[PDB]
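Asks: Got a structure for you, questions after.
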Amino acid sequence: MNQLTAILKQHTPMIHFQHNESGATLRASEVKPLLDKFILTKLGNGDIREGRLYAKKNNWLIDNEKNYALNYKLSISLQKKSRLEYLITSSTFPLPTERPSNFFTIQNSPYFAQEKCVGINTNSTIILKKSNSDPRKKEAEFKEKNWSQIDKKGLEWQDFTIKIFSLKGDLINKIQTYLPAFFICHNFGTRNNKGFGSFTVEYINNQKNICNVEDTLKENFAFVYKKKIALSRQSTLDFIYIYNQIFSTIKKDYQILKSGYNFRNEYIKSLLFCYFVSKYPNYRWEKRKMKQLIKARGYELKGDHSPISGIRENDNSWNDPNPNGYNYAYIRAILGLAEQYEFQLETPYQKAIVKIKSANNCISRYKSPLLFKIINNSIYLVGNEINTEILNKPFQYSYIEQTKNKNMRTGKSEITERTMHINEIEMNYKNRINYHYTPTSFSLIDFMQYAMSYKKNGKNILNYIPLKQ
Amino acid sequence: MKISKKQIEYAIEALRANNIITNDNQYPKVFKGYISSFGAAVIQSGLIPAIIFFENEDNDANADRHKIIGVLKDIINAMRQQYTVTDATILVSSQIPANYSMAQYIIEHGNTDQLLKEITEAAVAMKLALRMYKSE
Amino acid sequence: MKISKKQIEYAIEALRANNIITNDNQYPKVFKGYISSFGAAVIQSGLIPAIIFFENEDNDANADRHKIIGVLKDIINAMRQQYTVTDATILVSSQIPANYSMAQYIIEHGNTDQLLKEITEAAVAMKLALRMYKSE
Amino acid sequence: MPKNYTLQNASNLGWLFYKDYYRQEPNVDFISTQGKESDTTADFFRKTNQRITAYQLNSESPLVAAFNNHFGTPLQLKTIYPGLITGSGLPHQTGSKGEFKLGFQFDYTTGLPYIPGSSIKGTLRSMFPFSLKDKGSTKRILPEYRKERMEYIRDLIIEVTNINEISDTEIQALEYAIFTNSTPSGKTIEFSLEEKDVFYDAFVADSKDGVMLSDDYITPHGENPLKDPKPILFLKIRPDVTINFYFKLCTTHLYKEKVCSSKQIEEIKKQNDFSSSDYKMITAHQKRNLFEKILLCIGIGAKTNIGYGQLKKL
RNA sequence: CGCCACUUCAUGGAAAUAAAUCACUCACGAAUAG
């Protein structure tokens with residue numbers, strides 16, 4: 001056969017930039033290159049080059065010398081045009097009372113972009129408002145135009161079609177073999193690594209697909225980690241509630257991984273931090289690295305406890321580390337590169353900002369090396385090893401002080417660029433591990449062999465069942 | 001349209017002057033595509049867009065792509081050097097300043113047809129002169 | 001432009017010399033079109049652009065189109081020989097060096113009237129002499 | 001001027017996209033490197049792009065009605081949402097921010113977006129077995145190419161017309177008659193003026209409740225996954241837009257393995273020797289059905305492997 | 001729970017390639033000489 005007409009199911013909503021069309025669905029611009037890479041990787045039995053030679057011999061390549069592209073036609077079309085449109089933010093806000101049926105809110109999500117659309121601004125989709133009965137418990141209002149002008153919407157549709165056309169039959173047979181694994185392994189969308197890309201294929205050519213998610217995850221990923229989330233009754237009602245629990249749990253766990261949780265009242269240390277301070281106990285935080293020089297001049301930061309040193313115990317040290325010295329590297333770069341760090345000064349009146357750049361303009365990006373896969377309400381955390389190109393590379397930190405003023409006849413103006421004149425530790429303050437030069441000798445596979453085994457009472461912080469490790 | 005041998009001579013001299021033809025009479029292979037793309041952009045988009053695109057030096061391209069605009073200016077200067085007094089009353093015979101931006105020169109001088117004809121002449125001359133050489 | 005038998009023999013020798021005619025008296029079929037189109041290119045585009053187009057060796061042509069320029073140079077050189085040398089003769093009986101390409105020679109030596117006539121007659125002789133062989 | 005692109009009050013879309021696009025305003029800079037990245041240039045190009053994508057086309061538009069009168073009845077299909085892209089390789093960029101970096105195909109006189117008939121002809125022929133020339137750099141690809149295309153076109157022909165058996169020679173003759181209007185081995189056939197397949201320019205015919213042009217992003221993430229990707233902006237034909245495909249097709253007569261004209265086929269039928277097992281016919285209606293099925297299978301335009309320019313029935 | 005952004009905005013390839021390069025008809029006809 002020359003055509004593959006697959007019907008696939010949506011598990012988690014997709015964040016789509018071109019949502020203004022009712023025909024908005026999966027973009028094959030993401031599927032086709034990733035599917036080509038996956039197919040060639042499977043052809044070479046794990047190696048992309050061997051698979052490229054395989055496709056070269058069988059004449060499946062558009063070009064035999066330049067690129068990875070395979071010769072087939074990808075088409076993704078919606079069968080039923082009804083869409084469930086979601087608003088995705090980072091914080092939790094009161095729900096509106098007047099609300100279209102298509103509109104649901106996944107408030108506590110890893111996707112932290114477009115956080116200002118739930119503000120008091122006139123350009124916010126849901127405008128917050130003071131309550132009259134209680135001078136708390138903010139009120140919610142819905143603006144139709146603002147919801148129409150949003151950059152990105154979380155969309156969920158019914159079963160739709162992905163059509164694969166080629167005149168090469170053997171390529172179609174191998175595509176049929178590997179497509180369920182491809183969709184079970186890859187996520188598509190914005191912040192898709194955190195779970196806004198989850199799809200599974202149900203019917204391939206009008207035939208049901210018995211493809212075990214666990215086995216495919218075991219095959220194509222270095223480590224696969226299952227977490228059984230307590231589905232409190234329901235399971236037949238409020239898929240919105242299910243999504244809220246799932247994404248709040250993901251935000252919980254991933255904030256636990258590379259950072260702490262200074263929220264309500266319970267403190268659990270960053271396991272990314274705890275890994276480096278334990279293995280060869282020299283590498284410490286970039287955050288504590290940053291906060292050290294801010295207090296080197298008079299600038300009191302909000303908080304009651306000093307920055308953490310040591311793996312355990314309730315120790316605090318707003319003082320010298322030790323007579324010898326300490327190792328500082330950009331620990332949080334490997335689990336997702338960041339650019340700008342806000343530090344909350346004691347007075348709300350101003351902020352302090354640290355901004356990061358490659359210091360030679362090489363590493364401007366790093367997608368998180370973790371992938372979150374949610375299939376039929378079960379949470380799986382997967383990942384290969386990190387990219388070693390990020391290891392041992394310096395960075396240049398810009399220290400700025402920013403202040404805001406309360407209206408006075410115009411409005412908010414968070415504009416002060418005093419450009420903090422902190423003394424610098426100096427590049428090459430030590431051998432080239434001082435303040436920069438992302439830490440050498442990291443291992444993601446052993447990082448999660450370490451991450452979810454911690455804390456008193458014996459309960460896993462991330463109550464994950466280790467599947468492949 | 002017929003390209004004069006004098007125009008080809010000016011193109012050869014300009015290609016050698018703005019370090020495009022090496023001392024071995026060879027040029028990088030990408031410059032032929034550069035010149036063809038410049039001609040296509042000039043006819044399709046216009047003089048201002050094409051000249052702005054190919055005058056850029058922050059372009060991450062595989063070679064010094066502003067060199068064709070430099071060669072263009074050199075050819076036009078050589079063309080304007082041999083203008084007669086009869087031509088100088090109708091045509092702008094002034095020599096284009098070396099440091100001066102070619103796009104800025106075109107814009108400040110309007111969008112006159114004279115500059116468009118000169119640019120097209122020099123582009124075709126660059127094409128032929130590059131064809132005269134070997135591409136290593 | 002009457003058929004000049006001596007130029008026809010020159011064309012035969014030059015076609016054999018620049019590896020166009022095989023040992024069996026056959027040539028690549030596309031060369032017919034090359035010879036036919038060279039004259040039109042010279043007339044309606046100019047001698048230098050036509051020579052540059054047909055002298056290029058970076059072409060996407062089905063055969064070695066640059067062989068016809070070598071044959072042209074051989075015919076022209078043969079005509080420079082057997083020139084009656086006298087004080088009154090306009091014709092320059094100086095042979096074109098093999099190291100110089102044909103495009104450079106007309107560029108450096110700026111008396112095109114002789115070169116244009118010689119190139120036109122040599123192209124006519126080329127086209128007339130190509131018909132003695134099989135058009136494979 | 002605003003919606004409802006008409007011959008009375010509307011700017012030429014091609015003129016806006018190519019000529020008026022890079023116009024010099026008193027306080028707009030895109031010559032220097034600072035100007036191209038500044039938000040003033042971004043706002044200028046945003047306003048231009050809004051003007052481009054603020055036009056609608058009515059179903060009863062006099063332009064499309066004139067097209068229907070000139071080119072016969074249209075074959076109306078609808079646009080899926082990748083969008084539709086044609087003329088993508090045309091040079092349109094200066095290095096600025098917020099500008100369309102890709103070319104678009106606009107009719108010069110009308111300004112309506114269109115697909116040139118050459119594109120339709122090439123796309124339709126690309127799935128016919130003899131769309132590849134031998135050359136000598138093709139030699140390796142040629143055998144497999146013809147085989148798969150023969151099987152595909154054979155199933156399509158058996159689908160669309162009431163013929164239960166076709167051959168490779170018959171497929172060759174049919175393809176050459178349809179596209180080259182000749183025979184596979186050079187020489188021509190004495191065809192009538194009507195007996196000639198013409199592929200007109202496909203036109204946008206109806207933007208029902210929205211505009212016909214949209215803006216879209218392709219972001220090629222580099223071969224270095226640690227460097228910043230490139231957002232590329234371009235102009236696409238909106239989904240759910242009626243594209244009129246105009247053809248002038250005839251009825252093809254195949255007796256034995258050769259293509260026959262109507263004048264020859266009349267005498268062949270009247271001959272005392274005849275074989276219905278050798279006489280095959282493909283009606284112009286069945287030819288249009290075949291072309292429609294090909295178009296539904298593969299689509300039209302650029303980035304079709306990515307999906308752009310795919311259709312359903314209207 | 002409260003607050004909040006910075007990024008990135010075209011490169012590489014194809015730049016014409018083949019077919020036809022004149023064909024057929026007329027190439028002197030009458031008158032004046034014998």
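Each chain of the structure tokens is named A, B, ... in the order shown, its residues numbered from 1; ligands are numbered from 1 in display order.
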Taking only C-alpha atoms into account, report as a ChimeraX atom specification which residues of chain B lie within 7 Å of chain C.
Replies: /B:2,5,128,131-132
Asks: Deliver the residues from the most recent selection as a file, using N, CA, C and O atoms, as a compact mmCIF listing (two decimals), in the first residue's frame.
Replies:
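Output saved as selection-v4.txt:
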```
# COMPACT_ATOMS: atom_id res chain seq x y z
N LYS B 2 23.05 45.13 -23.89
CA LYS B 2 24.29 44.50 -24.34
C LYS B 2 25.43 45.00 -23.47
O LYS B 2 25.69 46.21 -23.41
N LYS B 5 32.48 45.52 -23.34
CA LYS B 5 33.74 44.95 -22.88
C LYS B 5 34.39 45.83 -21.82
O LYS B 5 35.08 45.33 -20.93
N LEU B 128 28.95 37.87 -15.69
CA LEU B 128 29.79 37.41 -16.78
C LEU B 128 31.26 37.30 -16.36
O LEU B 128 31.94 36.33 -16.70
N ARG B 131 31.78 34.29 -14.41
CA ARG B 131 31.77 33.14 -15.31
C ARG B 131 33.11 32.99 -16.03
O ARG B 131 33.48 31.88 -16.43
N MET B 132 33.84 34.09 -16.22
CA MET B 132 35.14 34.00 -16.88
C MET B 132 36.18 33.24 -16.06
O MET B 132 37.17 32.78 -16.62
```
Asks: Using only C-alpha atoms (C1' of nucleotides) and a cut-off of 6 Å, which residues of chain D sit close to chain E? Please list them as a list in words.
Replies: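 Per the criterion, chain D yields residues 97, 228 and 231 of chain D.
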Asks: Give me, as CSV, each residue of chain D that comes within 8 Å of chain B, together with its shortest interatomic pair and the distance in Å at one decimal, counting only C-alpha atoms, with rows ordered by chain and rising residue number.
Replies:
```
residue,atom,partner,partner_atom,distance
D:18,CA,B:45,CA,5.3
D:19,CA,B:45,CA,6.4
D:22,CA,B:49,CA,6.5
D:30,CA,B:52,CA,7.8
D:31,CA,B:52,CA,5.8
D:33,CA,B:58,CA,7.7
D:90,CA,B:44,CA,7.6
D:91,CA,B:41,CA,5.0
D:92,CA,B:45,CA,6.0
D:93,CA,B:53,CA,6.9
D:94,CA,B:53,CA,4.3
D:95,CA,B:53,CA,5.9
```
Asks: Atoms to include: N, CA, C and O atoms. Write the selected residues as a PDB file, in the first residue's frame.
Replies:
```
ATOM      1  N   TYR D  18       5.281  43.304  -2.544  1.00  0.00           N
ATOM      2  CA  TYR D  18       6.610  43.396  -3.136  1.00  0.00           C
ATOM      3  C   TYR D  18       7.107  44.819  -3.328  1.00  0.00           C
ATOM      4  O   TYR D  18       8.281  45.092  -3.074  1.00  0.00           O
ATOM      5  N   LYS D  19       6.250  45.741  -3.764  1.00  0.00           N
ATOM      6  CA  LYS D  19       6.675  47.102  -4.081  1.00  0.00           C
ATOM      7  C   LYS D  19       6.511  48.047  -2.896  1.00  0.00           C
ATOM      8  O   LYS D  19       7.488  48.645  -2.435  1.00  0.00           O
ATOM      9  N   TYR D  22       8.648  47.530   1.111  1.00  0.00           N
ATOM     10  CA  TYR D  22       9.875  48.177   1.565  1.00  0.00           C
ATOM     11  C   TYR D  22       9.904  49.627   1.086  1.00  0.00           C
ATOM     12  O   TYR D  22      10.757  50.047   0.303  1.00  0.00           O
ATOM     13  N   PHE D  30      15.666  50.629   8.154  1.00  0.00           N
ATOM     14  CA  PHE D  30      16.054  49.229   8.045  1.00  0.00           C
ATOM     15  C   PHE D  30      17.287  49.073   7.164  1.00  0.00           C
ATOM     16  O   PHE D  30      17.481  48.027   6.535  1.00  0.00           O
ATOM     17  N   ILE D  31      18.131  50.100   7.118  1.00  0.00           N
ATOM     18  CA  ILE D  31      19.421  50.013   6.440  1.00  0.00           C
ATOM     19  C   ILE D  31      20.520  49.602   7.407  1.00  0.00           C
ATOM     20  O   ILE D  31      21.264  48.650   7.155  1.00  0.00           O
ATOM     21  N   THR D  33      22.161  48.134  11.004  1.00  0.00           N
ATOM     22  CA  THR D  33      21.863  46.936  11.781  1.00  0.00           C
ATOM     23  C   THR D  33      20.939  47.238  12.955  1.00  0.00           C
ATOM     24  O   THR D  33      20.125  46.388  13.332  1.00  0.00           O
ATOM     25  N   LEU D  90      10.733  32.876  -4.282  1.00  0.00           N
ATOM     26  CA  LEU D  90      10.937  34.221  -4.795  1.00  0.00           C
ATOM     27  C   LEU D  90      11.709  35.058  -3.777  1.00  0.00           C
ATOM     28  O   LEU D  90      11.498  34.922  -2.569  1.00  0.00           O
ATOM     29  N   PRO D  91      12.612  35.921  -4.230  1.00  0.00           N
ATOM     30  CA  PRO D  91      13.426  36.695  -3.283  1.00  0.00           C
ATOM     31  C   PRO D  91      12.643  37.820  -2.629  1.00  0.00           C
ATOM     32  O   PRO D  91      12.257  38.789  -3.290  1.00  0.00           O
ATOM     33  N   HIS D  92      12.396  37.696  -1.326  1.00  0.00           N
ATOM     34  CA  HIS D  92      11.700  38.742  -0.576  1.00  0.00           C
ATOM     35  C   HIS D  92      12.239  38.718   0.856  1.00  0.00           C
ATOM     36  O   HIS D  92      11.718  38.000   1.711  1.00  0.00           O
ATOM     37  N   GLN D  93      13.267  39.528   1.103  1.00  0.00           N
ATOM     38  CA  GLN D  93      13.814  39.709   2.443  1.00  0.00           C
ATOM     39  C   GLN D  93      14.884  40.785   2.398  1.00  0.00           C
ATOM     40  O   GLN D  93      15.568  40.956   1.385  1.00  0.00           O
ATOM     41  N   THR D  94      15.018  41.506   3.509  1.00  0.00           N
ATOM     42  CA  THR D  94      16.082  42.480   3.685  1.00  0.00           C
ATOM     43  C   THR D  94      16.949  42.221   4.904  1.00  0.00           C
ATOM     44  O   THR D  94      17.959  42.911   5.077  1.00  0.00           O
ATOM     45  N   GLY D  95      16.596  41.257   5.739  1.00  0.00           N
ATOM     46  CA  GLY D  95      17.239  41.063   7.014  1.00  0.00           C
ATOM     47  C   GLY D  95      16.554  41.747   8.181  1.00  0.00           C
ATOM     48  O   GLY D  95      17.158  41.842   9.256  1.00  0.00           O
TER      49      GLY D  95
END
```
Asks: Would you list, as a CSV table (one decimal) with N, CA and C atoms, in the first residue's frame, the residues of range 61-296 of chain D that end up in alpha helix (DSSP H) under DSSP run on this structure's backbone?
Replies:
```
chain,number,residue,atom,x,y,z
D,62,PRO,N,-16.8,39.6,-8.9
D,62,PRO,CA,-16.7,39.7,-10.3
D,62,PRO,C,-15.4,39.2,-10.9
D,63,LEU,N,-14.3,39.3,-10.2
D,63,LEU,CA,-13.1,38.7,-10.7
D,63,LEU,C,-13.2,37.2,-10.9
D,64,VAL,N,-13.6,36.5,-9.9
D,64,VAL,CA,-13.8,35.0,-10.0
D,64,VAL,C,-14.9,34.7,-11.0
D,65,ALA,N,-15.9,35.5,-11.1
D,65,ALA,CA,-17.0,35.2,-12.1
D,65,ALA,C,-16.4,35.4,-13.5
D,66,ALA,N,-15.5,36.4,-13.7
D,66,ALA,CA,-14.9,36.5,-15.0
D,66,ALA,C,-13.9,35.3,-15.3
D,67,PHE,N,-13.2,34.9,-14.2
D,67,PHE,CA,-12.4,33.7,-14.4
D,67,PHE,C,-13.2,32.5,-14.8
D,68,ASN,N,-14.4,32.3,-14.2
D,68,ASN,CA,-15.3,31.2,-14.6
D,68,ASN,C,-15.8,31.3,-16.0
D,69,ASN,N,-16.1,32.5,-16.4
D,69,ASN,CA,-16.6,32.7,-17.8
D,69,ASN,C,-15.4,32.4,-18.8
D,70,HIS,N,-14.2,32.9,-18.5
D,70,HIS,CA,-13.1,32.7,-19.4
D,70,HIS,C,-12.7,31.3,-19.5
D,71,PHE,N,-12.5,30.6,-18.4
D,71,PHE,CA,-11.8,29.3,-18.3
D,71,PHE,C,-12.7,28.1,-18.2
D,117,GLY,N,-0.3,27.7,-13.8
D,117,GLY,CA,-0.7,26.4,-14.4
D,117,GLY,C,0.5,25.5,-14.5
D,118,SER,N,1.7,26.0,-14.6
D,118,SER,CA,2.9,25.2,-14.7
D,118,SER,C,3.1,24.4,-13.4
D,119,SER,N,2.8,25.0,-12.3
D,119,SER,CA,2.9,24.2,-11.0
D,119,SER,C,1.9,23.1,-11.0
D,120,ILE,N,0.6,23.4,-11.4
D,120,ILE,CA,-0.4,22.3,-11.5
D,120,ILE,C,0.0,21.2,-12.4
D,121,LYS,N,0.6,21.6,-13.6
D,121,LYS,CA,1.0,20.5,-14.6
D,121,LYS,C,2.1,19.7,-14.0
D,122,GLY,N,3.1,20.3,-13.3
D,122,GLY,CA,4.2,19.6,-12.8
D,122,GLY,C,3.8,18.7,-11.6
D,123,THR,N,2.9,19.2,-10.7
D,123,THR,CA,2.5,18.4,-9.6
D,123,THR,C,1.7,17.2,-10.1
D,124,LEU,N,0.8,17.4,-11.1
D,124,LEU,CA,0.0,16.3,-11.6
D,124,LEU,C,0.9,15.3,-12.3
D,125,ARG,N,1.9,15.7,-13.1
D,125,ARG,CA,2.8,14.8,-13.8
D,125,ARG,C,3.7,14.1,-12.9
D,126,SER,N,4.0,14.7,-11.7
D,126,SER,CA,5.0,14.1,-10.9
D,126,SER,C,4.7,12.7,-10.4
D,141,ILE,N,17.7,6.0,-10.2
D,141,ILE,CA,16.4,6.2,-9.7
D,141,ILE,C,15.3,5.8,-10.6
D,142,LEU,N,15.6,5.9,-11.9
D,142,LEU,CA,14.6,5.7,-13.0
D,142,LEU,C,13.8,4.4,-12.9
D,143,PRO,N,14.4,3.2,-12.7
D,143,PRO,CA,13.6,2.0,-12.7
D,143,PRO,C,12.6,1.9,-11.6
D,144,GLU,N,13.0,2.2,-10.4
D,144,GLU,CA,12.0,2.1,-9.2
D,144,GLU,C,10.9,3.2,-9.4
D,145,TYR,N,11.3,4.4,-9.8
D,145,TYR,CA,10.4,5.5,-9.9
D,145,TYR,C,9.2,5.1,-10.9
D,146,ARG,N,9.6,4.6,-12.0
D,146,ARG,CA,8.5,4.2,-13.0
D,146,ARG,C,7.7,3.1,-12.5
D,147,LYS,N,8.2,2.2,-11.8
D,147,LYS,CA,7.5,1.0,-11.3
D,147,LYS,C,6.4,1.5,-10.3
D,148,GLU,N,6.7,2.2,-9.3
D,148,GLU,CA,5.7,2.6,-8.3
D,148,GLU,C,4.7,3.5,-8.9
D,149,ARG,N,5.2,4.5,-9.8
D,149,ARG,CA,4.2,5.4,-10.4
D,149,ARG,C,3.3,4.6,-11.3
D,150,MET,N,3.8,3.6,-12.0
D,150,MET,CA,2.9,2.8,-12.9
D,150,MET,C,1.8,2.1,-12.0
D,151,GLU,N,2.2,1.5,-10.9
D,151,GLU,CA,1.2,0.8,-10.1
D,151,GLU,C,0.1,1.9,-9.6
D,152,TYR,N,0.6,3.0,-9.1
D,152,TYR,CA,-0.3,4.0,-8.6
D,152,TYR,C,-1.3,4.5,-9.7
D,153,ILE,N,-0.7,4.9,-10.8
D,153,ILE,CA,-1.6,5.4,-11.9
D,153,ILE,C,-2.5,4.3,-12.4
D,154,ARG,N,-2.1,3.0,-12.4
D,154,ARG,CA,-2.9,2.0,-12.9
D,154,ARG,C,-4.1,1.8,-12.0
D,155,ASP,N,-3.9,1.8,-10.6
D,155,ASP,CA,-5.1,1.7,-9.7
D,155,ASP,C,-6.0,2.9,-9.9
D,156,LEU,N,-5.4,4.1,-10.1
D,156,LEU,CA,-6.2,5.3,-10.3
D,156,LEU,C,-7.1,5.2,-11.5
D,157,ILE,N,-6.5,4.7,-12.6
D,157,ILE,CA,-7.2,4.6,-13.9
D,157,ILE,C,-8.3,3.6,-13.8
D,158,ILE,N,-8.0,2.4,-13.2
D,158,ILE,CA,-9.1,1.4,-13.0
D,158,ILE,C,-10.2,2.0,-12.0
D,159,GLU,N,-9.8,2.9,-11.1
D,159,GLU,CA,-10.8,3.5,-10.2
D,159,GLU,C,-11.7,4.4,-11.0
D,160,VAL,N,-11.2,5.3,-11.8
D,160,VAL,CA,-11.9,6.4,-12.3
D,160,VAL,C,-12.7,6.1,-13.6
D,168,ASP,N,1.5,-1.1,-19.5
D,168,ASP,CA,2.5,-0.1,-19.3
D,168,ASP,C,2.7,0.8,-20.5
D,169,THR,N,2.6,0.2,-21.7
D,169,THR,CA,2.6,1.0,-22.9
D,169,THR,C,1.4,1.9,-23.0
D,170,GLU,N,0.3,1.5,-22.7
D,170,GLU,CA,-0.9,2.3,-22.7
D,170,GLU,C,-0.8,3.4,-21.7
D,171,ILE,N,-0.2,3.2,-20.5
D,171,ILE,CA,0.0,4.2,-19.5
D,171,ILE,C,1.0,5.3,-20.1
D,172,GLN,N,2.0,4.8,-20.7
D,172,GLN,CA,3.0,5.7,-21.3
D,172,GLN,C,2.3,6.6,-22.3
D,173,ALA,N,1.6,6.0,-23.3
D,173,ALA,CA,0.9,6.8,-24.3
D,173,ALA,C,-0.1,7.8,-23.7
D,174,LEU,N,-0.8,7.3,-22.7
D,174,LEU,CA,-1.8,8.2,-22.1
D,174,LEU,C,-1.1,9.4,-21.4
D,175,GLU,N,-0.1,9.2,-20.7
D,175,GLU,CA,0.6,10.3,-20.0
D,175,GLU,C,1.2,11.2,-21.0
D,176,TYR,N,1.9,10.7,-22.1
D,176,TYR,CA,2.5,11.6,-23.1
D,176,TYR,C,1.4,12.4,-23.8
D,177,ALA,N,0.3,11.8,-24.1
D,177,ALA,CA,-0.8,12.5,-24.8
D,177,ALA,C,-1.4,13.6,-23.9
D,178,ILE,N,-1.5,13.3,-22.6
D,178,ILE,CA,-2.1,14.2,-21.7
D,178,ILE,C,-1.2,15.4,-21.5
D,179,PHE,N,0.1,15.2,-21.2
D,179,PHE,CA,1.0,16.3,-20.9
D,179,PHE,C,1.8,16.9,-22.0
D,262,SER,N,-9.7,11.7,-32.5
D,262,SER,CA,-11.1,11.4,-32.8
D,262,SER,C,-11.3,11.0,-34.3
D,263,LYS,N,-10.6,11.8,-35.1
D,263,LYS,CA,-10.7,11.5,-36.6
D,263,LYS,C,-10.2,10.2,-36.9
D,264,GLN,N,-9.0,9.8,-36.4
D,264,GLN,CA,-8.5,8.5,-36.6
D,264,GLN,C,-9.3,7.4,-35.9
D,265,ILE,N,-9.9,7.7,-34.7
D,265,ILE,CA,-10.6,6.6,-34.0
D,265,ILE,C,-11.9,6.3,-34.7
D,266,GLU,N,-12.5,7.3,-35.4
D,266,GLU,CA,-13.7,7.1,-36.2
D,266,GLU,C,-13.5,6.1,-37.3
D,267,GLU,N,-12.4,6.3,-38.1
D,267,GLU,CA,-12.1,5.4,-39.1
D,267,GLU,C,-11.6,4.0,-38.6
D,268,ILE,N,-11.0,4.0,-37.4
D,268,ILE,CA,-10.6,2.7,-36.8
D,268,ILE,C,-11.8,1.9,-36.4
D,269,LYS,N,-12.8,2.6,-35.8
D,269,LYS,CA,-14.1,1.9,-35.5
D,269,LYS,C,-14.8,1.4,-36.7
D,270,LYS,N,-14.8,2.2,-37.8
D,270,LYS,CA,-15.5,1.8,-39.0
D,270,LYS,C,-14.8,0.7,-39.8
D,284,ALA,N,-13.1,13.2,-20.7
D,284,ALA,CA,-12.7,14.4,-20.0
D,284,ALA,C,-13.2,14.5,-18.6
D,285,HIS,N,-14.4,14.0,-18.3
D,285,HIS,CA,-14.9,13.9,-16.9
D,285,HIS,C,-14.0,13.0,-16.1
D,286,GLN,N,-13.7,11.8,-16.7
D,286,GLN,CA,-12.8,10.9,-15.9
D,286,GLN,C,-11.4,11.4,-15.8
D,287,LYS,N,-10.9,12.2,-16.8
D,287,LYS,CA,-9.6,12.8,-16.7
D,287,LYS,C,-9.6,13.8,-15.5
D,288,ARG,N,-10.7,14.6,-15.4
D,288,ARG,CA,-10.8,15.6,-14.3
D,288,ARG,C,-10.9,14.8,-13.0
D,289,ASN,N,-11.6,13.7,-12.9
D,289,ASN,CA,-11.7,12.9,-11.7
D,289,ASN,C,-10.3,12.4,-11.3
D,290,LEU,N,-9.5,11.9,-12.3
D,290,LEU,CA,-8.2,11.5,-12.1
D,290,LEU,C,-7.3,12.6,-11.5
D,291,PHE,N,-7.4,13.8,-12.1
D,291,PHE,CA,-6.6,14.9,-11.6
D,291,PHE,C,-7.0,15.3,-10.2
D,292,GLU,N,-8.3,15.2,-9.9
D,292,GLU,CA,-8.8,15.6,-8.6
D,292,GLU,C,-8.3,14.6,-7.6
D,293,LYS,N,-8.3,13.3,-7.9
D,293,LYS,CA,-7.8,12.3,-7.0
D,293,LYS,C,-6.3,12.5,-6.8
D,294,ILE,N,-5.5,12.8,-7.8
D,294,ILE,CA,-4.1,13.0,-7.6
D,294,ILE,C,-3.9,14.2,-6.7
D,295,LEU,N,-4.7,15.3,-6.9
D,295,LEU,CA,-4.5,16.5,-6.1
D,295,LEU,C,-4.9,16.2,-4.7
D,296,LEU,N,-5.9,15.4,-4.4
D,296,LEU,CA,-6.3,15.0,-3.1
D,296,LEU,C,-5.2,14.2,-2.4
```
Asks: List every residue of chain C that has an atom at most 12 Å from any atom of chain E, giving for each one its closest atom pair and the distance in Å to one decimal, counting only C-alpha atoms (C1' of nucleotides), sorted by chain and then by ascending residue number, as a tab-separated table.
Replies:
```
residue	atom	partner	partner_atom	distance
C:29	CA	E:18	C1'	10.3
C:30	CA	E:18	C1'	7.9
C:31	CA	E:18	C1'	11.2
C:32	CA	E:21	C1'	9.2
C:33	CA	E:21	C1'	8.1
C:34	CA	E:21	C1'	10.5
C:35	CA	E:21	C1'	9.3
C:36	CA	E:21	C1'	5.7
C:37	CA	E:21	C1'	7.7
C:38	CA	E:21	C1'	10.6
C:39	CA	E:21	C1'	9.8
C:40	CA	E:21	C1'	9.4
C:59	CA	E:16	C1'	10.1
C:60	CA	E:17	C1'	7.5
C:61	CA	E:17	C1'	7.0
C:62	CA	E:17	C1'	8.3
C:63	CA	E:18	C1'	11.4
C:124	CA	E:21	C1'	11.4
C:127	CA	E:21	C1'	9.6
C:128	CA	E:21	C1'	11.5
```
Asks: Mind giving me the straight-line distance from CA of residue 307 in chain D to CA of residue 82 in chain D in Å, one decimal?
Replies: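 Those two atoms sit 6.0 Å apart.
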Asks: Set out as CSV a contact list for chain D and chain A with a cut-off of 6 Å, giving each residue of chain D that qualifies its closest atom pair and distance in Å to one decimal, counting only C-alpha atoms, ordered by chain and rising residue number.
Replies:
```
residue,atom,partner,partner_atom,distance
D:81,CA,A:23,CA,6.0
D:148,CA,A:167,CA,5.8
D:226,CA,A:365,CA,4.9
D:227,CA,A:364,CA,5.4
D:305,CA,A:73,CA,4.3
D:306,CA,A:29,CA,5.4
D:307,CA,A:75,CA,5.0
```
